[PDB]
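Here we start with a single chain on its own, the form deposited in one PDB entry, put down as structure tokens.
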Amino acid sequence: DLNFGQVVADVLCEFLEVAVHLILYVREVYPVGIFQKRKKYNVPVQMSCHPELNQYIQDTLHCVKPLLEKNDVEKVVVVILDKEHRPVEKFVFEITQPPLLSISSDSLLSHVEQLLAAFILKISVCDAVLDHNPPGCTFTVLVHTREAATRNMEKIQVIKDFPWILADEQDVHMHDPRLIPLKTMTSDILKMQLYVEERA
């Protein structure tokens, strides 16, 4: 028994929430002052203490959770938008969940969190390999589904008063971006790779 789809959805959702907070801190999408240092996967991280920001991120990922359970997510993207609401930088989390079959009883949840820790560490240092963002940026989150992203509209709208829409091309497309790899992992339960798309 045991619902590993739900186990992966859980682990992934917790990691993505921490990684979204860290991206906002490390790229200065919001002032350093709203963040508090915490530890996740035994890595020093930074979480926002602003209540409305925290609820927005929570709501966003709670909506993604049932899609990750079903493995209907190809990519989760944190898009950083400039003051004209155009994408200047994208943190792309590409995801695949292998058929869960040869499960390994040697502390699986402990092993996956060590794998995820390496992603947090890479985000923590990525300011040194990226150009600084211009002032006045905001962010959004994009969810790329494996099926047509209109079958999944009923399934993603999990949270009262938190509707989703189809993204517009201008919210997504960066022309000829520079790709900066950050980290790749593989495990019995999940494979992931993280890279940044930057303006060329």
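Under this definition, the rigid core comprises the largest set of C-alpha atoms superposing within 1.5 Å between the forms. Numbers follow the displayed sequence, beginning with 1.
The next section is about a form of this same protein that is not shown, the form deposited in another entry.
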**OP:** Tell me, please, whether between the shown form and the other one the C-alpha of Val73 is shifted by 2 Å or more, with the rigid core used for superposition.
**Re:** no
Original post:
Superposing on the rigid core, is the CA of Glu113 displaced by 2 Å or more between the shown form and the other one?
Top reply: yes
Original post:
Quick one: once the rigid core is lined up, does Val20 have its C-alpha move by 2 Å or more between the shown form and the other one?
Top reply: no
Original post:
Out of closer and farther, which fits the Cα atoms of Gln193 and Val141 in the other form compared with this form, where the change is 3 Å or more?
Top reply: farther
Subject >> Outcome for the Cα pair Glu74, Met192 in the other form, compared with this form (closer or farther; change of 3 Å or more) >> reply: farther
